[PDB]
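Here is the structure we will look at, set down as structure tokens.
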Amino acid sequence: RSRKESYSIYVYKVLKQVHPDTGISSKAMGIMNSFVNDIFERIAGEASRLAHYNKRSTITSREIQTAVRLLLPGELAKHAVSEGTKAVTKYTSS
Amino acid sequence: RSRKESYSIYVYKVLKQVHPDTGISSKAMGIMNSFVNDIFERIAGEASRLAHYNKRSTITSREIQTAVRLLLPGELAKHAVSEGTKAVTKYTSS
Amino acid sequence: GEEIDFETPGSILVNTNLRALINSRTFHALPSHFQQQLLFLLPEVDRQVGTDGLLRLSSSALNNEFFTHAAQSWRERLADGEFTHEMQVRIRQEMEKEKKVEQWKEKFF
Amino acid sequence: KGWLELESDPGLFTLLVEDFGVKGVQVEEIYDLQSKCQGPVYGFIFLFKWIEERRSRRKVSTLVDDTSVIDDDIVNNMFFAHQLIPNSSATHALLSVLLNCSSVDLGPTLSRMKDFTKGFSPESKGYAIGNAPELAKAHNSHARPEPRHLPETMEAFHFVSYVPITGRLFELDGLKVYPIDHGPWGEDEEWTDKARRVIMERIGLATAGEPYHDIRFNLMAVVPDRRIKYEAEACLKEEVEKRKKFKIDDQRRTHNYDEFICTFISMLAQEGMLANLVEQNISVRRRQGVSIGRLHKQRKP
Amino acid sequence: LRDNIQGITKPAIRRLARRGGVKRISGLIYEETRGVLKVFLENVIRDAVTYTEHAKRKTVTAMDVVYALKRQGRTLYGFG
Amino acid sequence: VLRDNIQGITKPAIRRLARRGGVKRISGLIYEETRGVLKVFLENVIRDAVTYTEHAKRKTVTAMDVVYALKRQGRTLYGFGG
Amino acid sequence: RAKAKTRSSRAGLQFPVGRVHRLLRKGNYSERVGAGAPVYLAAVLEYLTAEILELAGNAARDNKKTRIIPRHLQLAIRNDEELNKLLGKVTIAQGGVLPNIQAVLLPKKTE
Amino acid sequence: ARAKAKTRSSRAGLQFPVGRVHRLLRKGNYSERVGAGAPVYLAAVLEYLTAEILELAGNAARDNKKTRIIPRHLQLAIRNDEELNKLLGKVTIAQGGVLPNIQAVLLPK
Amino acid sequence: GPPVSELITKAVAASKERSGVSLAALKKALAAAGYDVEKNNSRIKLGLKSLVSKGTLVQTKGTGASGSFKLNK
Amino acid sequence: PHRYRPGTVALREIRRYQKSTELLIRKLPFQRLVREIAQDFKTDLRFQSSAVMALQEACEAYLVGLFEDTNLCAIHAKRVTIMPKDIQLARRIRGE
Amino acid sequence: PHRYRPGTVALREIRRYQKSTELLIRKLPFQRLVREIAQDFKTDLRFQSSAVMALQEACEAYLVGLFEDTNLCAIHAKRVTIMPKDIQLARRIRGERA
Amino acid sequence: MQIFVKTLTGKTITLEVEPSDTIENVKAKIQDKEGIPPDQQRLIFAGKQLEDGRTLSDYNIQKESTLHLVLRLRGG
DNA sequence: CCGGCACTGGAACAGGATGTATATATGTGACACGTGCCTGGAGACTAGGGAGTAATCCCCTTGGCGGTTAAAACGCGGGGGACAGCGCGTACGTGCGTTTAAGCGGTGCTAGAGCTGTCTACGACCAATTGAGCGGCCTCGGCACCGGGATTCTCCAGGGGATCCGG
DNA sequence: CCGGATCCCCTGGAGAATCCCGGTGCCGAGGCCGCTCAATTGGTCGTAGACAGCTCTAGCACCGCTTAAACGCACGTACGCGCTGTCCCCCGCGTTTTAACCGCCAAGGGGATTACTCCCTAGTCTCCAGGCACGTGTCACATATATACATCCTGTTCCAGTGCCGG
């Protein structure tokens, strides 16, 4: 048929990285995929709104940073911003 | 100096065509413009979501009608759908 | 208490079904003189004369749909609290004020 | 100008037209719109729910419609009146039916009113119709007394009259400025089938669906009185019993029961046993967030 | 199918109340809660069927219900 | 530098706001809780507006930024933009 | 070349179809925008604006004023049942809230 | 001639895909253009959130003596954390249930 | 120690007013006098049951323990 | 015999149901309700099993939160039993 | 000499504020409070007059809605005076508190 | 044991009425299902106006038969 | 057995005080209409891909039937909580004098909002291609369910313990 | 003065609920293999905006004057909070019933897939007039003042209770 796009293997790899001896069920995997899709859609929509407000036709790292700060609360947002900045710096270096 | 787009002239013309003896001060006129912009944004976003969900790359009159039906409650949606259908029919005929 | 509460909506008359409260058997379970006095406050159609010639009520004279509708409207007005004296006085004043202005249009109609 | 609200009942209208002085006419409540009635000589009165929401959302309506009357001669000849009185819709429809038909023994007041208003303009004609003491008294006699105490948005309902004035079905409305001509009949039917079809299409455009959508309509047919037809006797017995029961209903409807109920409750309370039965016959369930009490108390410190 | 709102039985309402942390339950509320459900579904299914009416489909999928729930702010996880 | 001006939302102001809300009797402890709730709401809205302004390389909070911040929380305001 | 007229007047509509189409193109809601979609959206917007303005004018006539103030718009939006649900999460500056009155019930039947 | 086609996720050192996120952003009709670092940052944020949620779910499962994560564990992990509860206070989790919340007044004296 | 009857009788007599003495007034008088009321208030109610039938103290308008009590004439 | 006082069994049911995530509403009666409600919107309409399960789960979550709000309203009014008045207040505050 | 009993002037003020749409919160202290709050996020921040007016309007509307909810809760609790308990209840029901 | 009631517009409604029941309960069920007040409608059997205060067995209404609902309301 | 004279409380009413809506008069700032223009909308035409349509496969949805209980419904005793009544005292509404600072008006500075020109790097687009990710299969361990004890929580019964009554 | 018998708090035992251990089975979770498709890499090219420079504007700071409003205190009063009582209505439990569910089978409906084509809108070009910024006249109204009417509150008045005593 047609291939289905999902984050099952990525979520499983993250879980193994954080909890090597803890598994996951099919329903839990589907819930995690739905959560990831919903968060991705909300952040992308917020970034698109931010770009449209400033008459910007492109989405850069600043838009995603602002979307994360607006959406995620407090220390969770701060840690997410730190992780994203570290990932961007590592990508730029390599 | 740059020009700012607004619906002031069209809303005033509609007011004249419904209430010839009634006017609007430019303090609630901005409220009407904000309402029009908000409704336009909500309907456009709903139509975009409808197109994305059905793998549609275009926004046709059917998407707008479906967005109007979803958003507007009660007989307001039915009247808006009837008015939009009549306007589309008149535009296509001429 | 001493007086029966008719003014405030707090009385259970609004929540009490007058259809069940008042019936033919309930009316027939009352003193004869009280029934005779009360019958004078009823229309002429529902009152007739029997063999003895005394006033009598028909079978549907009290358990018809119109009496139930009137009782329901009375309960609704109790809920609105229009029977209170504090508002009955202003109702009387509003009714009386109409005749003051009607004296100019009386001669034309 | 009181003109209290009038109830739409067949016996009420029969007694009202009897009070008008006309002897050979009455109204009947048809039940099946797919059936056929015998001798529906006069017009039909249709009660429909009148809401201004559609007109507000369709404000471009003052233009002359296709079915609207163009000339003024026929309107001048026929009886059409506007809505200049707040609650004369029932009287407007009744007089539209009565004054737009022949072979009727109209009452002397109605006869002289028709003679005076023959060949007139609908606005001032309706204004003169409203300024009639006998008409107002007749309307108020059968009017319900309870609504007059209410003012001490709203679901409004209106009458429309269907009449074959010149062999064509014409519709008369109190609020509509111009009557609409939409009767093409005159081939084989007795004007009944076309009226039934137009009622069917009106109902179809009203709801057009399975949900109720506030289904409130009532169609009545104006018919010559059946008493003389039966005279010229089970039919006579049923006619006279219906007339008597309707007259009783009309007499009972116009009487307010506030004083009677108050006296009955006061007598029961002073007798002593009231607090028994009122304790047993309770509609709303107890202990449900409702403050039920204060029956025999003062609550005045 | 008619009068199936009674399919939500009284113990079913009791189980929901116990899940929500309710010790004592009134009587008339049993008729109230179903009515609330009778509104909620009408506020959701009407949306979902609308999606069903937009995709040229004659059946209601899980993703359409998820979208209808997300429109009202009650996002659902586990079905897409 | 200014600190602790939450008293600027005075007791009569809270009383009048509750009067607009249909409240006829107000206890003495209502004012402090109302001030706290207003402070929390202001903190949230101002944080969103500051984030919006910083995203735009600006240090002046415009009315449109405030409208966007209110709309992001479901409390969109009409009369100060679109 | 024939006479140039706006597409809004082609459909007998007051709101600009061209402006709506331009905003849809610039809003980037989708890759493509249909021809009839801007007409439908402009018609819906015009109908909603007409309804709101008519209700506001009715409120102003009840207030005996010939201008629409934010108070009139707030009263018109809150009093209407379908508009209140549509705008249940919006704020109107200088609009206020509905007072506690019972004068709305008026079964007026006149020309 | 041609260098090894290493994934951008490996280059940036994050588990979540970068190409998939970039393709979804470009095909999502969010903006005309998408920057190079935006998908990387978004994938990093998604990976951080997923890692936090999975760690809390694993802690809940260990508290429940369970090796396999179930929707109940995810619901407990999301609701127990204040920040996650604020993030997902308007969401429904299938087969998740609710936290045990019994007030003091409910308990007998 | 001493019976509650005579002390509550003295408390209700010390009012020197036409209006009766309520249960709250009795409780506060006993608390001021230095008697255990919080752990035996129900017992105080039983004390009423030992005198209401006696006729030395009559309820004014209240029923049972709740209400006001006055000395019989 | 041995009968628990009114309230103990209710607390036990609260503890048991809050510790489990089964389906409180029977699937088949709820499915018929969904089918009959959708009949007014579009006749001859089919429903997927996954869609019915998702809708039932969403209704379960919505009703549990409504009952929690109702219980909090009852507690605020110095009351334990939930009442229709509490549900009406909770729905009016939430804007429903 | 002459004075009104409690419950009358309050109702008159309620009607007055229902029929009027002025700013109940004084503009200058509210603006100063906004300036103080906007210091923990970014220092040396400027606010437009329209921005602070919009903030004041939104805060007044939110407080009016909260007060209406608290009044509804108090009427539900068979009480006239409002307490912080109904404020907390309304915040929880609206989802703001939890 | 079921019964059918028509409307002047042709709409069909299904009710459950016991043979020994009374028309007041029928009106109550109608009010419950559609919402109009019971006093605003009257039942008709074969063109005969139903009289309040009488049971169904009085006029011999058969099972699964048809009745009519005529809505007598206020107006003008 | 019972009623004129000496005490009260309680429903009803009148008058002063207060607030508000109504009838004119002001002058005013904001709203409505005319004008220049310029830029965004409109008319033509093309092309290339997204969409409409026909045919087809089969996944899944609907319909039906046989048992089996798990669960809903009905009936009754009753415990305890919902509701009512009463009392209190303290916390809040109302009012007034006072102090505060909010609001209005004019002045001044300037840091930053907004617009413009360059030119550059960053992102869209297309080919080659290749490795990662999706689909299908398999197996073996984690969990649901089973049952048996053992522990824990509930509630009623027996009894130490404080208390008013009577010769 | 000191034997009766009533009601209050502690423990113990019967009884139901649930944890805790261990066995069994089963089914799906994760690993593996084959494929395929879209993410990488390389290169080109077009343009979005980064940045520097200029303009101007409105936001901040400060001063003064006026008076609207907040503050604090006083005083009364009425409303929320115990405290008690009642009584009736859901809770809990027992018995009946009833249909939900699991399992199976079958039919077919349309959801998804592939191919074909066709036509519709993005893109480009050119023209032109619609609406926007600006300017200006005028009137709707915010304001002010005076007056009459609707409420509110309190003080005063007329009608219904007890308490006394010898034909």
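Order determines the names: the first chain of the structure tokens is A, the second B, and so forth; residues in each chain are numbered 1 upward, and ligands are numbered 1 upward as they are shown.
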
Quick one: contact table of chain F to chain M, 8 Å max, nearest atom pair and distance in Å to one decimal per residue, counting only C-alpha atoms (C1' of nucleotides), chain and number order, as CSV?
residue,atom,partner,partner_atom,distance
F:25,CA,M:92,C1',7.9
F:26,CA,M:92,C1',7.6
F:27,CA,M:92,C1',6.8
F:28,CA,M:92,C1',7.6

Could you write those residues out with C-alpha atoms, as a compact mmCIF listing (two decimals), in the first residue's frame?
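Result went into result.txt, see below:
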# COMPACT_ATOMS: atom_id res chain seq x y z
CA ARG F 25 -21.47 42.15 49.04
CA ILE F 26 -17.68 41.80 49.12
CA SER F 27 -15.68 40.35 52.00
CA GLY F 28 -12.40 41.85 53.17

Worksheet entry | Residue list for chain N near chain B as a ChimeraX atom specification, 10 Å, only C-alpha atoms (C1' of nucleotides) | /N:121,131-133

Go ahead and save the picked residues with C-alpha atoms (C1' of nucleotides), as a CSV table (one decimal), in the first residue's frame.
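Listed below is the output, again.csv:
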chain,number,residue,atom,x,y,z
N,121,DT,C1',-5.1,28.7,-11.3
N,131,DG,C1',-9.4,53.2,-1.9
N,132,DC,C1',-6.1,55.6,1.3
N,133,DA,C1',-4.0,59.8,3.4

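Of the residues under consideration (K:5, K:76, K:25, K:41), K:41 shows the shortest atom-to-atom contact distance to chain A when counting only C-alpha atoms.
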
Practice prompt. Write out as a count of residues only which residues come within 9 Å of stretch 5-7 of chain E when counting only C-alpha atoms (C1' of nucleotides), dropping same-chain ones fewer than 4 positions away.
Written response: 11

Discussion item. Based on the backbone DSSP call, show me all residues of chain L assigned strand (DSSP E), as number ranges by chain.
Written reply: L: 3-7, 12-15, 41-45, 48-49, 66-71, 74-75

Give me, as a Markdown table, the closest atom pair and its distance (Å, one decimal) for every residue of chain D within a cut-off of 8 Å of chain J, counting only C-alpha atoms, rows sorted by chain and rising number.
| residue | atom | partner | partner_atom | distance |
| --- | --- | --- | --- | --- |
| D:210 | CA | J:40 | CA | 7.9 |
| D:211 | CA | J:40 | CA | 7.6 |
| D:288 | CA | J:83 | CA | 6.3 |
| D:289 | CA | J:85 | CA | 6.2 |

Discussion item. Using Å and a single decimal, report how far atom CA of residue A:19 sits from atom CA of residue H:58.
Written reply: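 Separation of atom CA of residue H:58 and atom CA of residue A:19: 6.8 Å.
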
Practice prompt. Give me every helix (DSSP H, G or I) residue in chain G, going by DSSP on the backbone, as number ranges by chain.
Written response: G: 7-10, 17-27, 36-62, 70-79, 81-86

Discussion item. Distance cut-off 8 Å, counting only C-alpha atoms - which residues of chain D neighbour chain L? Return them as a ChimeraX atom specification.
Written reply: /D:5-9,31-33,47,86-90,156-159,200,203,212,216-219

Please produce an output containing C-alpha atoms for each residue in the selection, written as a short mmCIF file (atom, residue, chain, number, x, y, z; two decimals), in the first residue's frame.
data_model
loop_
_atom_site.label_atom_id
_atom_site.label_comp_id
_atom_site.auth_asym_id
_atom_site.auth_seq_id
_atom_site.Cartn_x
_atom_site.Cartn_y
_atom_site.Cartn_z
CA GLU D 5 -54.24 38.67 22.27
CA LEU D 6 -56.76 36.26 20.70
CA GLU D 7 -56.65 32.46 20.86
CA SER D 8 -56.86 30.53 17.58
CA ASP D 9 -59.71 28.07 18.14
CA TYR D 31 -56.99 17.51 9.66
CA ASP D 32 -55.69 15.77 6.51
CA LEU D 33 -54.24 17.99 3.79
CA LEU D 47 -51.39 30.45 11.24
CA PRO D 86 -50.77 45.63 17.21
CA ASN D 87 -53.01 42.55 17.62
CA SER D 88 -55.60 42.71 14.83
CA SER D 89 -54.10 39.93 12.69
CA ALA D 90 -56.95 37.52 13.46
CA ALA D 156 -45.20 35.70 17.58
CA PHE D 157 -47.57 34.01 15.14
CA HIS D 158 -49.48 35.51 12.22
CA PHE D 159 -52.46 34.73 10.00
CA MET D 200 -47.69 21.91 1.10
CA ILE D 203 -44.55 23.89 4.74
CA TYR D 212 -39.23 19.68 14.07
CA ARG D 216 -46.20 25.44 14.67
CA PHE D 217 -48.78 25.92 11.92
CA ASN D 218 -52.57 25.71 11.82
CA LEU D 219 -54.83 25.67 8.75
#

Taking a cut-off of 10 Å and counting only C-alpha atoms (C1' of nucleotides), can you build a table that, for each residue of chain N near chain H, reports the nearest atom pair and how far apart they are in Å (one decimal), sorted by chain then residue number, as a Markdown table?
| residue | atom | partner | partner_atom | distance |
| --- | --- | --- | --- | --- |
| N:29 | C1' | H:68 | CA | 9.6 |
| N:38 | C1' | H:19 | CA | 9.3 |
| N:39 | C1' | H:19 | CA | 6.0 |
| N:40 | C1' | H:5 | CA | 5.0 |
| N:41 | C1' | H:5 | CA | 6.9 |
| N:42 | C1' | H:2 | CA | 8.5 |
| N:48 | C1' | H:33 | CA | 9.7 |

Discussion item. Residues near stretch 82-99 of chain G, anyone? I mean within 7 Å using only C-alpha atoms (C1' of nucleotides), not counting same-chain ones fewer than 6 positions away, as a VMD selection string.
Written reply: (chain B and resid 72 to 74 76) or (chain F and resid 74 to 79) or (chain G and resid 70 to 71 74 to 75) or (chain K and resid 18 to 19 21 to 22 57 to 58 61)

Please write the residues from the selection above to a file, keeping N, CA, C and O atoms, as an mmCIF file, in the first residue's frame.
data_model
loop_
_atom_site.group_PDB
_atom_site.id
_atom_site.type_symbol
_atom_site.label_atom_id
_atom_site.label_comp_id
_atom_site.auth_asym_id
_atom_site.auth_seq_id
_atom_site.Cartn_x
_atom_site.Cartn_y
_atom_site.Cartn_z
ATOM 1 N N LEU B 72 -19.398 28.641 12.465
ATOM 2 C CA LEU B 72 -20.591 29.376 12.864
ATOM 3 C C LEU B 72 -21.623 28.426 13.463
ATOM 4 O O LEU B 72 -21.899 27.370 12.882
ATOM 5 N N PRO B 73 -22.195 28.749 14.621
ATOM 6 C CA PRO B 73 -23.224 27.891 15.214
ATOM 7 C C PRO B 73 -24.635 28.296 14.819
ATOM 8 O O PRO B 73 -24.909 29.435 14.437
ATOM 9 N N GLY B 74 -25.542 27.324 14.922
ATOM 10 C CA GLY B 74 -26.955 27.580 14.710
ATOM 11 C C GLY B 74 -27.289 27.935 13.271
ATOM 12 O O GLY B 74 -26.582 27.575 12.325
ATOM 13 N N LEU B 76 -27.015 30.714 11.945
ATOM 14 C CA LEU B 76 -26.044 31.643 11.379
ATOM 15 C C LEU B 76 -25.208 30.964 10.304
ATOM 16 O O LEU B 76 -24.972 31.537 9.233
ATOM 17 N N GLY F 74 -6.524 32.600 24.111
ATOM 18 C CA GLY F 74 -7.955 32.475 23.934
ATOM 19 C C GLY F 74 -8.766 33.660 24.405
ATOM 20 O O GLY F 74 -9.992 33.546 24.513
ATOM 21 N N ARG F 75 -8.126 34.792 24.689
ATOM 22 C CA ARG F 75 -8.823 35.974 25.179
ATOM 23 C C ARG F 75 -8.604 37.152 24.240
ATOM 24 O O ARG F 75 -8.257 38.251 24.688
ATOM 25 N N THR F 76 -8.788 36.925 22.941
ATOM 26 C CA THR F 76 -8.511 37.949 21.940
ATOM 27 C C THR F 76 -9.342 39.204 22.191
ATOM 28 O O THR F 76 -10.504 39.142 22.598
ATOM 29 N N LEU F 77 -8.719 40.355 21.952
ATOM 30 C CA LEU F 77 -9.318 41.658 22.210
ATOM 31 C C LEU F 77 -9.517 42.395 20.894
ATOM 32 O O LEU F 77 -8.617 42.417 20.048
ATOM 33 N N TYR F 78 -10.692 42.993 20.727
ATOM 34 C CA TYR F 78 -11.025 43.761 19.535
ATOM 35 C C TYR F 78 -10.926 45.251 19.831
ATOM 36 O O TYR F 78 -11.268 45.702 20.930
ATOM 37 N N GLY F 79 -10.456 46.013 18.845
ATOM 38 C CA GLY F 79 -10.356 47.456 18.960
ATOM 39 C C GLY F 79 -8.947 48.005 18.991
ATOM 40 O O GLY F 79 -8.785 49.228 19.067
ATOM 41 N N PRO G 70 -18.970 51.313 20.852
ATOM 42 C CA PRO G 70 -18.625 49.950 21.291
ATOM 43 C C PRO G 70 -19.656 49.336 22.220
ATOM 44 O O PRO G 70 -19.808 48.107 22.236
ATOM 45 N N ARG G 71 -20.371 50.155 22.995
ATOM 46 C CA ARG G 71 -21.447 49.634 23.831
ATOM 47 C C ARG G 71 -22.530 48.980 22.985
ATOM 48 O O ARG G 71 -23.035 47.904 23.330
ATOM 49 N N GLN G 74 -21.243 45.640 21.682
ATOM 50 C CA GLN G 74 -21.219 44.643 22.746
ATOM 51 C C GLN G 74 -22.623 44.139 23.059
ATOM 52 O O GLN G 74 -22.836 42.931 23.213
ATOM 53 N N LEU G 75 -23.595 45.053 23.148
ATOM 54 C CA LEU G 75 -24.973 44.646 23.403
ATOM 55 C C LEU G 75 -25.506 43.772 22.276
ATOM 56 O O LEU G 75 -26.162 42.754 22.528
ATOM 57 N N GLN K 18 -23.324 48.702 35.255
ATOM 58 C CA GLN K 18 -23.856 47.929 34.138
ATOM 59 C C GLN K 18 -24.220 48.829 32.966
ATOM 60 O O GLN K 18 -24.066 48.426 31.806
ATOM 61 N N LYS K 19 -24.699 50.041 33.240
ATOM 62 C CA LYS K 19 -25.083 50.970 32.186
ATOM 63 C C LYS K 19 -23.945 51.884 31.747
ATOM 64 O O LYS K 19 -24.159 52.741 30.883
ATOM 65 N N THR K 21 -19.510 52.140 30.810
ATOM 66 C CA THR K 21 -18.352 51.377 30.352
ATOM 67 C C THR K 21 -17.077 52.205 30.460
ATOM 68 O O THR K 21 -16.262 52.263 29.537
ATOM 69 N N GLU K 22 -16.886 52.858 31.602
ATOM 70 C CA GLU K 22 -15.655 53.594 31.843
ATOM 71 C C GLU K 22 -14.599 52.659 32.431
ATOM 72 O O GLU K 22 -14.865 51.497 32.752
ATOM 73 N N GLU K 57 -7.989 47.173 29.415
ATOM 74 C CA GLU K 57 -9.301 46.695 28.984
ATOM 75 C C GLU K 57 -9.416 45.185 29.151
ATOM 76 O O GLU K 57 -10.426 44.676 29.655
ATOM 77 N N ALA K 58 -8.379 44.449 28.738
ATOM 78 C CA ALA K 58 -8.411 42.996 28.857
ATOM 79 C C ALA K 58 -8.463 42.561 30.314
ATOM 80 O O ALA K 58 -9.217 41.647 30.672
ATOM 81 N N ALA K 61 -11.959 43.246 31.714
ATOM 82 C CA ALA K 61 -12.923 42.254 31.241
ATOM 83 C C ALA K 61 -12.725 40.913 31.938
ATOM 84 O O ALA K 61 -13.698 40.257 32.333
#

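Distance annotation: of M:139, M:128, M:81, M:156, the residue with the minimal separation from residue E:24 is M:81; atom set is only C-alpha atoms (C1' of nucleotides).
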
Would you mind listing, for every residue of chain K within 10 Å of chain N, the two atoms forming the shortest contact and the distance between them in Å to one decimal, using only C-alpha atoms (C1' of nucleotides), sorted by chain and ascending residue number, as CSV?
residue,atom,partner,partner_atom,distance
K:1,CA,N:154,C1',10.0
K:2,CA,N:153,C1',7.3
K:3,CA,N:153,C1',7.2
K:4,CA,N:153,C1',6.6
K:5,CA,N:153,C1',7.8
K:6,CA,N:77,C1',8.4
K:8,CA,N:152,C1',8.3
K:26,CA,N:69,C1',9.9
K:46,CA,N:59,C1',7.3
K:47,CA,N:59,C1',7.5
K:48,CA,N:59,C1',6.8
K:49,CA,N:59,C1',8.2
K:78,CA,N:80,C1',9.8
K:79,CA,N:80,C1',7.5
K:80,CA,N:79,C1',8.0
K:81,CA,N:79,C1',8.2

Generate a file of the selected residues that holds N, CA and C atoms, formatted as a compact mmCIF listing (two decimals), in the first residue's frame.
# COMPACT_ATOMS: atom_id res chain seq x y z
N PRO K 1 -28.25 61.88 59.79
CA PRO K 1 -29.70 62.07 59.74
C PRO K 1 -30.41 61.03 58.88
N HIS K 2 -30.24 61.13 57.56
CA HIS K 2 -30.84 60.21 56.61
C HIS K 2 -29.75 59.40 55.92
N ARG K 3 -29.93 58.09 55.88
CA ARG K 3 -28.97 57.21 55.24
C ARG K 3 -29.69 55.97 54.72
N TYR K 4 -29.06 55.30 53.76
CA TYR K 4 -29.62 54.10 53.15
C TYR K 4 -29.14 52.86 53.88
N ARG K 5 -30.04 51.88 54.01
CA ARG K 5 -29.65 50.60 54.58
C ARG K 5 -28.73 49.86 53.61
N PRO K 6 -27.88 48.97 54.11
CA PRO K 6 -27.00 48.20 53.22
C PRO K 6 -27.81 47.38 52.23
N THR K 8 -28.82 48.71 49.16
CA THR K 8 -29.46 49.62 48.22
C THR K 8 -28.45 50.41 47.40
N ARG K 26 -7.85 52.94 37.75
CA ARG K 26 -7.15 54.17 37.38
C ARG K 26 -5.97 53.84 36.46
N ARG K 46 9.80 49.64 26.90
CA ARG K 46 8.87 50.72 26.61
C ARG K 46 7.49 50.17 26.28
N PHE K 47 6.46 50.90 26.69
CA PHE K 47 5.08 50.53 26.45
C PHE K 47 4.36 51.68 25.75
N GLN K 48 3.65 51.36 24.67
CA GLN K 48 2.81 52.35 24.01
C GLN K 48 1.55 52.61 24.82
N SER K 49 0.96 53.79 24.61
CA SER K 49 -0.29 54.12 25.29
C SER K 49 -1.41 53.17 24.87
N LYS K 78 -25.80 29.49 48.47
CA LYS K 78 -26.81 30.11 49.33
C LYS K 78 -26.21 31.24 50.16
N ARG K 79 -25.34 32.03 49.54
CA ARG K 79 -24.70 33.16 50.20
C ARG K 79 -24.73 34.37 49.29
N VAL K 80 -24.66 35.55 49.90
CA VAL K 80 -24.62 36.81 49.17
C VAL K 80 -23.20 37.36 49.09
N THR K 81 -22.50 37.38 50.22
CA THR K 81 -21.12 37.84 50.23
C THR K 81 -20.20 36.81 49.58

Discussion item. Could you list, as a VMD selection string, every residue within 10 Å of residue A:53, counting only C-alpha atoms (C1' of nucleotides) and ignoring same-chain residues fewer than 6 positions away?
Written reply: (chain A and resid 47) or (chain F and resid 52 56 64 to 65 68)

Worksheet item: Using only C-alpha atoms, which chain E residues lie at most 7 Å away from chain J, written as a PyMOL selection string?
Response: chain E and resi 1-2+4-5+7-8+12+15-26+28-29+32+42+45-46+58-62+65+79

Item to complete: Name the residues in contact with residue M:126 at a cut-off of 12 Å, using only C-alpha atoms (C1' of nucleotides), excluding same-chain residues fewer than 4 positions from it; report them as a list in words.
Response: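 Within the cut-off, the hits are residues 42, 43, 44 and 45 of chain N.
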